[PDB]
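1. the data below comprise the sequence and an experimental structure of the protein.
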Amino acid sequence: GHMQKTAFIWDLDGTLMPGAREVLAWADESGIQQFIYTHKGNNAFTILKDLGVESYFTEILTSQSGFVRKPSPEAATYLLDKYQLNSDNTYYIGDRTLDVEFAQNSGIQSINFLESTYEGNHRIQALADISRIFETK
């Protein structure tokens, strides 16, 4: 509960997703702004519609976006000014070391299943640890 201006970011590469509709629903009512970025095309929107979860993400960037390759802080600096968000209160949801290289560059946080030696990266073991993070100081 409560939840300040906080933002969430997903991908469409493996991270409809048996276990995610929990966290999606929690985050949605919590007034977090979810987003996506992936290399996948304008079909991302259509797949999201198909699966019934399109509205669970404020904006879904795609190959259309044209933004730089990882590390690409460009794409997060967009996401901030889109709705006046805070990098330090945006929590990406990754699986990789690379999912923390760009995080550092942007000055944004990550919630990733492995440590990557960064003061903004939270280790986890399942998607349901996301809700715990905001529930234990």
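-> That came in fine, so what should we check first? Numbering: from 1, shown residues only.
2. would you confirm that residue 115 contacts residue 122?
-> No. At 9.2 Å, residue 115 does not count as touching residue 122 under the criterion of CB atoms under 8 Å. All C-beta atoms are positioned from the backbone trio N, CA, C, and that covers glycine.
3. these two: which is more packed in?
-> residue 122 (16 against 11; other CB atoms under 10 Å).
4. show me the contacts for that one.
-> 91, 109, 110, 111, 112, 133 (CB atoms under 8 Å, 6 or more residues apart in numbering).
5. whichever of these end up buried, select them in ChimeraX.
-> To isolate the buried members of the contacts of residue 122 in ChimeraX, using 16 or more other CB atoms under 10 Å:
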select :91,109,110,111,112
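6. the contacts of residue 122 into JSON lines, with extra columns for distance to residue 41 and secondary structure?
-> JSON lines is the format used below for the contacts of residue 122 (distance: CB to CB, whole Å; DSSP: H, G, I helix; E, B strand; the rest coil):
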{"residue": "91", "distance to residue 41": "26", "secondary structure": "strand"}
{"residue": "109", "distance to residue 41": "28", "secondary structure": "strand"}
{"residue": "110", "distance to residue 41": "25", "secondary structure": "strand"}
{"residue": "111", "distance to residue 41": "26", "secondary structure": "strand"}
{"residue": "112", "distance to residue 41": "25", "secondary structure": "strand"}
{"residue": "133", "distance to residue 41": "32", "secondary structure": "helix"}
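7. out of the contacts of residue 122, who's nearest residue 102?
-> Nearest to residue 102 among the contacts of residue 122: residue 110, at 9.0 Å, using CB to CB.
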